Number of protein chains: 2
Amino acid sequence: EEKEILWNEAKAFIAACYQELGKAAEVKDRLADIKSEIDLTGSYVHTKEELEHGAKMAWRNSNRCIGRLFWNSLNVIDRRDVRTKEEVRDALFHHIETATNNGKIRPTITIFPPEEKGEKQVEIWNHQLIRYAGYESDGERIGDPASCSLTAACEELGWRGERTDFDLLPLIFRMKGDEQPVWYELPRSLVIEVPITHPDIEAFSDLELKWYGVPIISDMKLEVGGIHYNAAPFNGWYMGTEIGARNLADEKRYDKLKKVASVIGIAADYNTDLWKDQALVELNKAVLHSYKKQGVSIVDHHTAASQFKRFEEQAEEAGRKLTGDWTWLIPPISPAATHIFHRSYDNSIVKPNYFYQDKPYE
Amino acid sequence: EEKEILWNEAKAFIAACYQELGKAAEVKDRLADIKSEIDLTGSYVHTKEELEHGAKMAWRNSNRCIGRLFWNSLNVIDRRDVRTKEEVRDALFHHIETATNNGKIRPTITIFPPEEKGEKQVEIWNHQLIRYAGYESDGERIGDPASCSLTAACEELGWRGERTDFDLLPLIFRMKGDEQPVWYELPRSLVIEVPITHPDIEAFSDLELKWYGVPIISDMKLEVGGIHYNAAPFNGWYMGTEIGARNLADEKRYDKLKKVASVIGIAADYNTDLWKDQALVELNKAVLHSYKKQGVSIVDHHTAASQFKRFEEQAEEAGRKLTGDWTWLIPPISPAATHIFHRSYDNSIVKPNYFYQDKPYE
Ligand code: HEM
Ligand code: HEM
Ligand SMILES: Nc1ccc2ccc(CCNCc3cccc(F)c3)cc2n1
Ligand SMILES: Nc1ccc2ccc(CCNCc3cccc(F)c3)cc2n1
Ligand SMILES: C[C@H](O)[C@H](O)[C@H]1CNc2nc(N)[nH]c(=O)c2N1
Ligand SMILES: C[C@H](O)[C@H](O)[C@H]1CNc2nc(N)[nH]c(=O)c2N1
Ligand SMILES: [Cl-]
Ligand SMILES: [Cl-]
């Protein structure tokens, strides 16, 4: 059944891909080559053009993503040539550097060799290339709780964190044939971080909050025409609410709202005072202000929604069906102030696309 | 097919209703009476006990309602005896009075005679018993845009609004046999209104905002055991966000956010300043403060979500499946600060329940 799934997915992808690229006349012959390659080898190899456009289509089909307007400008790096862990490490180092671009973030994806028989060539353990460690023991909570299990796994492998609230996790990945992953400490010269200050409230720096500049998600599987790219880290730039309304605000994350309320000088005693809401707004204002001040790309949820509206309009004009996940598209701050809140979206899964996969730790 | 639908729905309701009331031994005999009544008359008549508990179950099954913890304390008024429009008018007047309760709102439902052959005995045109008129002509927008079509229909019937932003619509309903509805101006002594002031910002009263005290929804159909109560107005108390985040804030409603920003002294020029978010918070703080100050019941979205959590816990303990609409349960202000945002709900329709029905105007 494996092979038929591959062949059926391949036909659908190549057709649609070549239609979009104005290469419709080449479909018939290309499908022939693929069909032979599948019978003879068990799989097929994408051209540079198919891979690039495939990763772009996958972004375009990501139902939960509000930033999809810019799907066609994705920078695709083909690293299907890597064979050694040093090559993987250097490819990951390069991705961080070129995506960061001194603060003017370039949306980028680096694509490593795909699974063969469901056998991974490269297996990346990090959720994001840059992420903070988390610790929990005897009631003592330090760092990012969302990283607790990966942190513990890294410390099994010889690594040790300084146990600040902002320890950078090392890169950690496993090569085909090795039983254990290797880990590499991040060169700090590659990592841009932003200290959180407030435009009007000087005391906000007493919180000593900061966040990293570029979210580089590295544990999702890119699927293109039946081929499973389990290792393909990608990045955009942040929407402010991701940091201010969730990462720093969630009770199961950094849980900073009570401390925010204190430094902005409001009581945190009564629900009817809406102190959490007010604290959320000021923290989110601080996040946008700080990134802007440092010259690191970021977008606010209002602008992002306006861009997404243009994505919707572009889709209808191009004659493509629009898919989306309403529950993820609405921002966690003032959702009813965006157009997204006031319409519905079809949540059907279209491929190419990015998917969750099981964690090798846990 | 009509009759079988009635009989099948009746069996399910009476069984569940009598189980909950500890009257399980009475089901068999009651179903017999009903079955005969249906064959002979084409319908059946609920006991006072069935009607009361039926309306409570219907509230309990309302997927979109965050206030369901208090389902069992609903005050049920049986007005299946009414036959004249004066009786309907006086029943509606009484509902407003007893529900308002001098500000200490009592959740109440008044139940009028049900449809017979799908033929309505009483047909209420108002969306809510107390609601503001809306006008639109030659670019001139006045009042509540959501009331524009009903307002125009009322003005066809001899009524005329003063064209303030807060004209009270008259009660308007039609009796079986009449071709046109009648309308009755609301006695102002029955209507509690709350002027919107801010706890810290004196200039907020320059906006001259106000809202009515009690939301009494009067255009939904109550369905209980196959019986269609198309006329059954009900009320709770407001959650603040309904007024501050939607009614006064939506661009297609009162659209007050730019004026709010001005009186609270912030610029409304840049998305990155998050001025809409800040204006939303202050407006919502003002709404809660004002209602509290006037001694009119209201709940904030944080308290309401905490109550809903207890509803969830109560359901599991009672062995009842929980249903809900995530998209409606999350508040439009700081939704991620509530537990609701972080779990999922089954949106299956369970009866008894309240349903939309077609507008007789439009
Ligand atoms: C260019 C800037 C971008 C912005 C502002 C943006 C914005 C967002 C946001 C806010 C989320 C929700 C994340 C969460 O709540 O955890 C999201 C989800 C997502 N975005 Fe984007 N995005 C961008 C670029 C990209 C790129 C380049 C890709 C991949 C090529 C991508 C694919 C996705 C995917 C797959 C998800 C869902 C992740 C999940 O289900 O956990 N986005 N995006
Ligand atoms: C006791 C105070 C109550 C509170 C605070 C409350 C809260 C809410 C809120 C905030 C909504 C969303 C409304 C919207 O966004 O338009 C809602 C919807 C609803 N509530 Fe409640 N509610 C209460 C009592 C009741 C009662 C007494 C009933 C009926 C017996 C009821 C039935 C419903 C229904 C049917 C909806 C959905 C309306 C629709 O789909 O348009 N609620 N509730
Ligand atoms: N700005 C962007 C762009 C692309 C993105 C793609 C994926 C995600 C998901 C981030 N994962 C959040 C998360 C993952 C695991 C645990 C946890 F608490 C939180 C965010 C993006 N954010
Ligand atoms: N506090 C409560 C309690 C019960 C409720 C039941 C229904 C509704 C729905 C209110 N209808 C909103 C609406 C209806 C029609 C047009 C429009 F713009 C807005 C609100 C409740 N609010
Ligand atoms: C299209 C979407 O379903 C619509 O805007 C809904 C979203 N969630 C909501 N939730 C509540 N409580 N009230 C509403 O009017 C809406 N509107
Ligand atoms: C249970 C629920 O689906 C979950 O909390 C979702 C809701 N919507 C979301 N939306 C975004 N953008 N990010 C999230 O992490 C979530 N969490
Ligand atoms: Cl993140
Ligand atoms: Cl309302």
# chains A, B, ... in the order shown; residues from 1 in each chain; ligands from 1
$ interface_residues --of "chain A" --to "chain B" --cutoff "9 Å" --atoms "only C-alpha atoms" --output "ChimeraX atom specification"
/A:245-246,249-251,271-274,276-278,280-282,284-285,288-289,299-303,326-327,332-337,341
$ residues_around --residues "stretch 102-115 of chain B" --least-positions-apart "6" --cutoff "6 Å" --atoms "only C-alpha atoms" --output "list in words"
residues 74, 75, 76, 77, 78, 79, 80, 228, 229, 231, 232, 233, 234, 235, 236, 295, 296 and 297 of chain B
$ write_last_selection --atoms "N, CA and C atoms" --output "PDB file, in the first residue's frame"
ATOM      1  N   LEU B  74     -33.310  28.853  37.372  1.00  0.00           N
ATOM      2  CA  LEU B  74     -34.157  29.607  36.444  1.00  0.00           C
ATOM      3  C   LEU B  74     -35.592  29.742  36.963  1.00  0.00           C
ATOM      4  N   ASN B  75     -36.112  30.968  36.954  1.00  0.00           N
ATOM      5  CA  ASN B  75     -37.491  31.238  37.367  1.00  0.00           C
ATOM      6  C   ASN B  75     -38.452  31.105  36.188  1.00  0.00           C
ATOM      7  N   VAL B  76     -39.290  30.070  36.208  1.00  0.00           N
ATOM      8  CA  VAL B  76     -40.151  29.773  35.062  1.00  0.00           C
ATOM      9  C   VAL B  76     -41.587  30.255  35.256  1.00  0.00           C
ATOM     10  N   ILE B  77     -42.027  31.175  34.399  1.00  0.00           N
ATOM     11  CA  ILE B  77     -43.399  31.675  34.461  1.00  0.00           C
ATOM     12  C   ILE B  77     -44.254  31.052  33.357  1.00  0.00           C
ATOM     13  N   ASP B  78     -45.290  30.323  33.760  1.00  0.00           N
ATOM     14  CA  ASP B  78     -46.173  29.644  32.814  1.00  0.00           C
ATOM     15  C   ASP B  78     -47.322  30.550  32.387  1.00  0.00           C
ATOM     16  N   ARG B  79     -47.247  31.063  31.165  1.00  0.00           N
ATOM     17  CA  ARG B  79     -48.333  31.877  30.633  1.00  0.00           C
ATOM     18  C   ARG B  79     -48.999  31.233  29.418  1.00  0.00           C
ATOM     19  N   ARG B  80     -49.180  29.915  29.470  1.00  0.00           N
ATOM     20  CA  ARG B  80     -49.865  29.191  28.402  1.00  0.00           C
ATOM     21  C   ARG B  80     -51.363  29.509  28.392  1.00  0.00           C
ATOM     22  N   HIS B 228     -43.074  22.977  20.389  1.00  0.00           N
ATOM     23  CA  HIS B 228     -42.362  24.163  19.923  1.00  0.00           C
ATOM     24  C   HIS B 228     -42.886  25.447  20.564  1.00  0.00           C
ATOM     25  N   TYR B 229     -42.196  25.912  21.602  1.00  0.00           N
ATOM     26  CA  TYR B 229     -42.539  27.178  22.242  1.00  0.00           C
ATOM     27  C   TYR B 229     -41.806  28.329  21.552  1.00  0.00           C
ATOM     28  N   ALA B 231     -42.618  31.356  21.328  1.00  0.00           N
ATOM     29  CA  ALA B 231     -42.698  32.581  22.115  1.00  0.00           C
ATOM     30  C   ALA B 231     -42.403  32.279  23.576  1.00  0.00           C
ATOM     31  N   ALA B 232     -41.154  32.499  23.976  1.00  0.00           N
ATOM     32  CA  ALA B 232     -40.730  32.240  25.345  1.00  0.00           C
ATOM     33  C   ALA B 232     -39.525  33.095  25.725  1.00  0.00           C
ATOM     34  N   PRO B 233     -39.753  34.394  25.969  1.00  0.00           N
ATOM     35  CA  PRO B 233     -38.640  35.292  26.294  1.00  0.00           C
ATOM     36  C   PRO B 233     -37.955  34.939  27.612  1.00  0.00           C
ATOM     37  N   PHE B 234     -36.630  35.043  27.624  1.00  0.00           N
ATOM     38  CA  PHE B 234     -35.838  34.713  28.803  1.00  0.00           C
ATOM     39  C   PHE B 234     -34.719  35.730  29.008  1.00  0.00           C
ATOM     40  N   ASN B 235     -34.179  35.781  30.225  1.00  0.00           N
ATOM     41  CA  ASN B 235     -33.084  36.696  30.538  1.00  0.00           C
ATOM     42  C   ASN B 235     -32.119  36.129  31.568  1.00  0.00           C
ATOM     43  N   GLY B 236     -30.862  36.547  31.471  1.00  0.00           N
ATOM     44  CA  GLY B 236     -29.916  36.391  32.559  1.00  0.00           C
ATOM     45  C   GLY B 236     -29.486  37.794  32.938  1.00  0.00           C
ATOM     46  N   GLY B 295     -25.896  49.356  41.150  1.00  0.00           N
ATOM     47  CA  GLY B 295     -26.523  48.234  41.827  1.00  0.00           C
ATOM     48  C   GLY B 295     -27.304  47.349  40.873  1.00  0.00           C
ATOM     49  N   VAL B 296     -26.800  47.234  39.648  1.00  0.00           N
ATOM     50  CA  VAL B 296     -27.385  46.351  38.646  1.00  0.00           C
ATOM     51  C   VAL B 296     -26.448  45.169  38.420  1.00  0.00           C
ATOM     52  N   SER B 297     -26.990  43.957  38.509  1.00  0.00           N
ATOM     53  CA  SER B 297     -26.191  42.739  38.386  1.00  0.00           C
ATOM     54  C   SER B 297     -25.411  42.678  37.075  1.00  0.00           C
TER      55      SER B 297
END
$ residues_near_ligand --ligand "ligand 7" --cutoff "12 Å" --atoms "only C-alpha atoms and all ligand atoms" --output "MDAnalysis selection string"
chainID A and resid 127:132 144 146:147 211:218 235:248 253
$ residues_around --residues "residue B:17" --least-positions-apart "5" --cutoff "9 Å" --atoms "only C-alpha atoms" --output "list in words"
residues 12, 22, 23, 24, 50, 53, 54 and 57 of chain B
$ write_last_selection --atoms "C-alpha atoms" --output "tab-separated table (two decimals), in the first residue's frame"
chain	number	residue	atom	x	y	z
B	12	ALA	CA	-36.79	10.80	25.15
B	22	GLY	CA	-36.71	10.92	40.67
B	23	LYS	CA	-40.04	10.10	39.03
B	24	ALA	CA	-38.77	7.16	36.98
B	50	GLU	CA	-42.24	19.10	32.86
B	53	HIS	CA	-37.63	21.39	34.18
B	54	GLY	CA	-37.72	21.40	30.37
B	57	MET	CA	-32.63	21.55	30.69
$ select_by_dssp --residues "stretch 88-291 of chain B" --states "strand (DSSP E)" --output "ChimeraX atom specification"
/B:108-111,122-124,134-137,140-143,171-175,182-184,193-195,210-212,216-217,221-224,227-229,234-235,238-239
$ write_last_selection --atoms "N, CA and C atoms" --output "short mmCIF file (atom, residue, chain, number, x, y, z; two decimals), in the first residue's frame"
data_model
loop_
_atom_site.label_atom_id
_atom_site.label_comp_id
_atom_site.auth_asym_id
_atom_site.auth_seq_id
_atom_site.Cartn_x
_atom_site.Cartn_y
_atom_site.Cartn_z
N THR B 108 -35.07 34.59 34.37
CA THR B 108 -36.50 34.31 34.28
C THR B 108 -36.86 33.95 32.84
N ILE B 109 -37.84 33.07 32.67
CA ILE B 109 -38.43 32.83 31.35
C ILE B 109 -39.94 32.86 31.46
N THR B 110 -40.59 33.53 30.51
CA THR B 110 -42.05 33.52 30.44
C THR B 110 -42.45 32.69 29.23
N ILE B 111 -43.29 31.69 29.46
CA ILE B 111 -43.63 30.75 28.40
C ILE B 111 -45.07 30.92 27.92
N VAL B 122 -48.73 33.12 19.36
CA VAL B 122 -48.16 34.43 19.60
C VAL B 122 -46.81 34.49 18.91
N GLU B 123 -46.54 35.60 18.22
CA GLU B 123 -45.31 35.76 17.46
C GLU B 123 -44.63 37.09 17.83
N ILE B 124 -43.56 37.00 18.61
CA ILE B 124 -42.86 38.20 19.09
C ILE B 124 -41.77 38.65 18.13
N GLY B 134 -32.39 51.71 15.54
CA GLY B 134 -31.28 52.06 14.67
C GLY B 134 -31.77 52.66 13.38
N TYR B 135 -31.05 53.65 12.88
CA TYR B 135 -31.46 54.37 11.67
C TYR B 135 -30.28 54.54 10.72
N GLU B 136 -30.58 54.52 9.42
CA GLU B 136 -29.56 54.65 8.38
C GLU B 136 -30.22 55.22 7.12
N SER B 137 -29.77 56.40 6.71
CA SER B 137 -30.31 57.04 5.51
C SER B 137 -29.41 58.19 5.07
N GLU B 140 -26.37 58.95 6.97
CA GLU B 140 -26.62 59.30 8.37
C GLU B 140 -26.91 58.07 9.22
N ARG B 141 -25.99 57.74 10.12
CA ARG B 141 -26.16 56.60 11.02
C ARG B 141 -26.52 57.04 12.44
N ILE B 142 -27.64 56.53 12.94
CA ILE B 142 -28.09 56.85 14.29
C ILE B 142 -28.51 55.57 15.02
N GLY B 143 -28.09 55.44 16.28
CA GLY B 143 -28.53 54.34 17.11
C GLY B 143 -27.81 53.03 16.85
N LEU B 171 -42.56 47.31 22.27
CA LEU B 171 -42.81 45.88 22.15
C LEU B 171 -43.61 45.70 20.87
N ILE B 172 -43.30 44.68 20.09
CA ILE B 172 -44.07 44.43 18.88
C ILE B 172 -44.26 42.94 18.67
N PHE B 173 -45.52 42.52 18.58
CA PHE B 173 -45.84 41.10 18.44
C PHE B 173 -47.15 40.92 17.70
N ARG B 174 -47.34 39.73 17.13
CA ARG B 174 -48.55 39.43 16.37
C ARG B 174 -49.30 38.25 16.99
N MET B 175 -50.62 38.37 17.05
CA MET B 175 -51.47 37.29 17.55
C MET B 175 -51.97 36.44 16.38
N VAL B 182 -49.13 44.32 16.63
CA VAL B 182 -49.46 45.57 17.32
C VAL B 182 -48.17 46.02 18.00
N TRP B 183 -48.09 47.28 18.39
CA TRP B 183 -46.93 47.74 19.14
C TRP B 183 -47.33 48.55 20.37
N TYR B 184 -46.54 48.42 21.43
CA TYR B 184 -46.78 49.14 22.67
C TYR B 184 -45.48 49.79 23.15
N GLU B 193 -31.66 51.82 33.11
CA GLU B 193 -30.52 52.09 32.24
C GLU B 193 -29.32 52.50 33.07
N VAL B 194 -28.13 52.22 32.56
CA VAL B 194 -26.89 52.51 33.28
C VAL B 194 -26.01 53.46 32.47
N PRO B 195 -25.76 54.67 33.00
CA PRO B 195 -24.82 55.58 32.33
C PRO B 195 -23.39 55.08 32.52
N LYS B 210 -24.50 54.94 27.47
CA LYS B 210 -25.29 54.20 28.44
C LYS B 210 -25.73 52.88 27.83
N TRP B 211 -26.20 51.96 28.66
CA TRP B 211 -26.79 50.73 28.17
C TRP B 211 -27.96 50.33 29.06
N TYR B 212 -28.80 49.40 28.59
CA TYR B 212 -29.93 48.95 29.39
C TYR B 212 -29.50 47.84 30.35
N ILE B 216 -33.19 40.69 27.62
CA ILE B 216 -34.31 39.74 27.61
C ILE B 216 -34.58 39.25 26.19
N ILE B 217 -33.94 38.15 25.81
CA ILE B 217 -34.01 37.64 24.44
C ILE B 217 -35.39 37.04 24.17
N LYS B 221 -36.75 30.10 19.80
CA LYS B 221 -37.74 29.05 20.06
C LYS B 221 -37.25 28.07 21.12
N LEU B 222 -38.05 27.89 22.17
CA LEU B 222 -37.78 26.85 23.16
C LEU B 222 -38.42 25.55 22.69
N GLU B 223 -37.61 24.51 22.55
CA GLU B 223 -38.14 23.21 22.17
C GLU B 223 -38.02 22.22 23.32
N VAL B 224 -39.15 21.67 23.75
CA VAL B 224 -39.18 20.74 24.86
C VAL B 224 -40.03 19.52 24.51
N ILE B 227 -42.47 19.73 21.61
CA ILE B 227 -43.35 20.89 21.62
C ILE B 227 -42.55 22.16 21.30
N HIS B 228 -43.07 22.98 20.39
CA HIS B 228 -42.36 24.16 19.92
C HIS B 228 -42.89 25.45 20.56
N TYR B 229 -42.20 25.91 21.60
CA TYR B 229 -42.54 27.18 22.24
C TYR B 229 -41.81 28.33 21.55
N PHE B 234 -36.63 35.04 27.62
CA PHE B 234 -35.84 34.71 28.80
C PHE B 234 -34.72 35.73 29.01
N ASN B 235 -34.18 35.78 30.23
CA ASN B 235 -33.08 36.70 30.54
C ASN B 235 -32.12 36.13 31.57
N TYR B 238 -26.01 40.50 32.34
CA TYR B 238 -24.96 40.68 31.34
C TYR B 238 -23.59 40.19 31.80
N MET B 239 -22.80 39.68 30.86
CA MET B 239 -21.36 39.61 31.06
C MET B 239 -20.83 40.90 30.44
#
$ closest_residue --among "A:11, A:60, A:30, A:85" --to "residue A:322" --atoms "only C-alpha atoms"
A:60
$ closest_residue --among "B:291, B:345, B:355, B:44" --to "ligand 4" --atoms "only C-alpha atoms and all ligand atoms"
B:355
$ closest_residue --among "A:264, A:204, A:191, A:181" --to "residue A:94" --atoms "only C-alpha atoms"
A:191
$ atom_distance --atom1 "atom CA of residue A:37" --atom2 "atom CA of residue A:354"
25.0 Å
$ select_by_dssp --residues "stretch 41-80 of chain A" --states "alpha helix (DSSP H)" --output "PyMOL selection string"
chain A and resi 41+48-60
$ write_last_selection --atoms "N, CA, C and O atoms" --output "CSV table (one decimal), in the first residue's frame"
chain,number,residue,atom,x,y,z
A,41,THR,N,13.1,2.1,-7.6
A,41,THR,CA,13.8,2.5,-6.4
A,41,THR,C,13.0,2.4,-5.1
A,41,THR,O,13.5,2.3,-4.0
A,48,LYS,N,14.8,20.8,-7.9
A,48,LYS,CA,14.9,22.0,-7.1
A,48,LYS,C,13.7,22.8,-7.2
A,48,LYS,O,13.3,23.4,-6.2
A,49,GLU,N,13.1,22.9,-8.4
A,49,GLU,CA,11.9,23.7,-8.6
A,49,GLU,C,10.7,23.1,-7.9
A,49,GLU,O,9.9,23.9,-7.3
A,50,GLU,N,10.5,21.8,-7.9
A,50,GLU,CA,9.4,21.1,-7.2
A,50,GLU,C,9.5,21.3,-5.7
A,50,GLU,O,8.5,21.5,-5.0
A,51,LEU,N,10.7,21.2,-5.2
A,51,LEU,CA,11.0,21.3,-3.7
A,51,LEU,C,10.7,22.7,-3.2
A,51,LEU,O,10.0,22.9,-2.2
A,52,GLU,N,11.2,23.7,-3.9
A,52,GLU,CA,11.0,25.1,-3.6
A,52,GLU,C,9.5,25.4,-3.6
A,52,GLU,O,9.0,26.0,-2.6
A,53,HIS,N,8.9,25.1,-4.7
A,53,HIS,CA,7.4,25.5,-4.8
A,53,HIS,C,6.6,24.6,-3.8
A,53,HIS,O,5.6,25.1,-3.3
A,54,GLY,N,7.0,23.4,-3.6
A,54,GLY,CA,6.3,22.5,-2.6
A,54,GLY,C,6.3,23.0,-1.2
A,54,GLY,O,5.3,23.0,-0.5
A,55,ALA,N,7.5,23.5,-0.8
A,55,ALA,CA,7.6,24.1,0.6
A,55,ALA,C,6.7,25.4,0.7
A,55,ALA,O,6.2,25.7,1.8
A,56,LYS,N,6.6,26.1,-0.4
A,56,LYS,CA,5.8,27.4,-0.4
A,56,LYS,C,4.3,27.0,-0.4
A,56,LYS,O,3.6,27.6,0.4
A,57,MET,N,3.9,26.0,-1.2
A,57,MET,CA,2.5,25.5,-1.1
A,57,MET,C,2.2,25.0,0.3
A,57,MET,O,1.1,25.3,0.7
A,58,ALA,N,3.1,24.4,0.9
A,58,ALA,CA,2.9,23.8,2.2
A,58,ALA,C,2.6,24.9,3.3
A,58,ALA,O,1.7,24.8,4.1
A,59,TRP,N,3.3,26.1,3.1
A,59,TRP,CA,3.1,27.2,4.0
A,59,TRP,C,1.7,27.8,3.7
A,59,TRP,O,0.9,28.1,4.6
A,60,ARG,N,1.4,27.9,2.4
A,60,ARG,CA,0.1,28.4,1.9
A,60,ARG,C,-1.1,27.6,2.4
A,60,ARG,O,-2.2,28.1,2.5
$ decode --residues "stretch 111-151 of chain A" --atoms "C-alpha atoms" --output "CSV table (one decimal), in the first residue's frame"
chain,number,residue,atom,x,y,z
A,111,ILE,CA,15.4,21.1,3.8
A,112,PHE,CA,17.4,18.0,4.9
A,113,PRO,CA,17.2,14.5,3.2
A,114,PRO,CA,13.7,12.9,3.5
A,115,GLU,CA,12.7,9.6,5.1
A,116,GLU,CA,13.3,6.5,2.9
A,117,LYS,CA,11.3,3.5,4.2
A,118,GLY,CA,10.0,5.7,7.0
A,119,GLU,CA,13.6,5.6,8.1
A,120,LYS,CA,14.8,9.1,9.1
A,121,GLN,CA,18.2,10.3,7.8
A,122,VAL,CA,18.3,13.2,10.2
A,123,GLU,CA,16.1,13.5,13.3
A,124,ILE,CA,16.0,17.0,15.0
A,125,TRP,CA,14.9,17.0,18.7
A,126,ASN,CA,14.5,20.7,19.2
A,127,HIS,CA,11.1,22.2,18.9
A,128,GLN,CA,12.8,25.4,17.9
A,129,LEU,CA,16.5,26.0,17.1
A,130,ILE,CA,16.5,28.8,19.6
A,131,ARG,CA,14.5,28.0,22.8
A,132,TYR,CA,15.0,28.4,26.5
A,133,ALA,CA,15.5,25.5,28.9
A,134,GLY,CA,13.0,24.7,31.7
A,135,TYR,CA,13.5,23.1,35.1
A,136,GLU,CA,11.2,21.7,37.8
A,137,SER,CA,12.2,19.9,41.0
A,138,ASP,CA,11.0,20.1,44.6
A,139,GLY,CA,8.6,22.9,43.9
A,140,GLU,CA,11.4,24.9,42.2
A,141,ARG,CA,10.4,26.2,38.8
A,142,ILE,CA,13.0,27.8,36.6
A,143,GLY,CA,12.9,28.8,32.9
A,144,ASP,CA,10.3,27.7,30.3
A,145,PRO,CA,8.1,24.8,31.5
A,146,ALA,CA,7.3,23.9,27.9
A,147,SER,CA,11.0,22.8,27.6
A,148,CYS,CA,11.1,20.7,30.8
A,149,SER,CA,11.2,17.2,29.1
A,150,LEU,CA,13.6,18.2,26.3
A,151,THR,CA,15.9,19.8,28.9
